Number of protein chains: 2
Amino acid sequence: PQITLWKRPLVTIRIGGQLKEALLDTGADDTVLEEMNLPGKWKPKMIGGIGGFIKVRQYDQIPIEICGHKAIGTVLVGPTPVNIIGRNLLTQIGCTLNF
Amino acid sequence: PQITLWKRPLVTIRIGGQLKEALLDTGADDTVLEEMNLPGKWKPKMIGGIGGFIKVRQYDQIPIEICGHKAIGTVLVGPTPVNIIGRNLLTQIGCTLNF
Ligand SMILES: CC[C@H](C)CN(C[C@@H](O)[C@H](Cc1ccccc1)NC(=O)O[C@H]1CO[C@H]2OCC[C@H]21)S(=O)(=O)c1ccc2ncsc2c1
């Protein structure tokens with residue numbers, strides 16, 4: 001699709017068999033989801049945003065369907081204010097900025 | 001232009017008479033610029049993201065040029081680590097997400 005920006009670019013994603021709402025976030029390097037359970041191994045990591053640093057759980061090679069487009073990649077789980085889809089997965093679904 | 005997301009979508013902006021590099025950020029409701037001493041009235045505000053909140057100064061009707069496209073609107077000034085062009089101005093320069 002083409003998505004304008006008068007409203008937040010929220011989309012439905014499917015991950016671990018669950019539907020969630022997430023924000024397409026070109027300013028995010030990484031994909032960060034609010035607390036949830038995901039299967040398999042994870043690694044403790046830290047990431048920084050506008051307000052400082054948080055601790056997250058890093059899950060690798062996780063499938064995630066974003067507005068019907070398939071990605072498989074790294075998902076960070078932790079105290080983000082909202083679910084954000086970052087550039088690591090935006091690139092996988094072929095997302096560009098255009099003006 | 002078309003900006004892919006392999007790297008951070010940094011572009012040149014001009015505000016006041018300073019040229020700066022800023023992220024075209026679909027995840028940002030508002031535009032947030034690194035500390036700079038702008039003239040005019042402003043209101044205090046707190047904006048939240050990963051890590052918590054930062055205190056910013058809200059300036060209204062500030063002209064900014066973003067890769068040659070003119071925009072004018074609200075700019076938040078505070079201790080952000082990166083200059084952020086948010087949706088308030090992204091719509092003004094005709095910016096869409098496409099996949
Ligand atoms: C609430 C939704 C997100 C988290 C909001 N953030 C914009 C976001 O694009 C931010 C923009 C950003 C970029 C770089 C540093 C700080 C902020 N990126 C970010 O935190 O990304 C993190 C995940 O990937 C990592 O890569 C970059 C930092 C990490 S923000 O910077 O905190 C932000 C910006 C404008 C704004 N206007 C009103 S509230 C508000 C909050």
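Letters go in sequence order (proteins before strands), and every chain restarts at 1. Basis for what follows: all heavy atoms, side chains included, without hydrogens, waters or symmetry-related copies.
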A.B. asks: Search all heavy atoms of A/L97 against all heavy atoms of B/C95 and return the closest pair with its distance.
C.D. replies: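 Answer, listing the atom of A/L97 first, then B/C95: CD2-SG, 3.6 Å.
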A.B. asks: Between atom CD1 of A/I84 and atom CD1 of B/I50, what is the distance when rounded to the nearest 0.5 Å?
C.D. replies: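 Here the interatomic distance stands at 4.0 Å.
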A.B. asks: Quick one: salt bridge (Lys or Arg N to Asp or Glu O under 4.0 Å) pairs with a partner in residues 84-98 of chain A, sequence neighbours left out?
C.D. replies: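 Sorted result for residues 84-98 of chain A: A/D29-A/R87.
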A.B. asks: Under 4.5 Å from any heavy atom of chain B, what part of A/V82 do you find: side chain, backbone, both or neither?
C.D. replies: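 Neither part, no heavy atoms under 4.5 Å.
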A.B. asks: Would you indicate whether the side-chain heavy atoms of A/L90 and B/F99 approach each other to under 4.5 Å?
C.D. replies: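 Sidechains of A/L90 and B/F99: no contact.
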A.B. asks: Report which part of B/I93 has an atom under 4.5 Å of a heavy atom belonging to chain A: side chain, backbone, both, or neither.
C.D. replies: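 Both backbone and side chain.
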A.B. asks: Supply the atom-to-atom distance B/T26 OG1 to A/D25 CG, rounded to the nearest 0.5 angstrom.
C.D. replies: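 Spacing of OG1 (B/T26) from CG (A/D25) equals 5.5 Å.
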A.B. asks: Between A/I64 and A/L38, is there shared hydrophobic-cluster membership here, with clusters defined by ILVMFWY side-chain heavy atoms closer than 4.5 Å?
C.D. replies: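 Yes, same cluster.
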A.B. asks: Under the side-chain contact (heavy atoms from CB on, under 4.5 Å) rule, collect the residues that match up with A/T91, sequence neighbours excluded.
C.D. replies: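 Testing A/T91 for side-chain contact (heavy atoms from CB on, under 4.5 Å), a comparison that skips the adjacent residues, returns B/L5, B/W6.
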A.B. asks: Under a 4.5 Å heavy-atom cutoff, which of A/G86, A/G48, A/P1 has the most pairs with chain B?
C.D. replies: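 Option with the top pair count is A/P1.
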A.B. asks: Do B/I72 and B/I66 share a hydrophobic cluster, counting only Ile, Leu, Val, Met, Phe, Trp and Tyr and linking them when any side-chain heavy atoms are less than 4.5 Å apart?
C.D. replies: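 No, B/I72 does not connect to B/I66 through the hydrophobic network.
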A.B. asks: Considering only heavy atoms, which portion of A/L24 lies under 4.5 Å from any heavy atom of chain B: side chain, backbone, both, or neither?
C.D. replies: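 Both parts, backbone and side chain.
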A.B. asks: Crowded around A/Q61 CD? As in, over 12 foreign heavy atoms under 6.0 Å?
C.D. replies: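 Result for CD/A/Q61: open.
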A.B. asks: Counting only heavy atoms closer than 4.5 Å, note whether B/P81 contacts chain A via side chain, backbone, both or neither.
C.D. replies: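 When you check distances to chain A, only side chain atoms of B/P81 fall under 4.5 Å.
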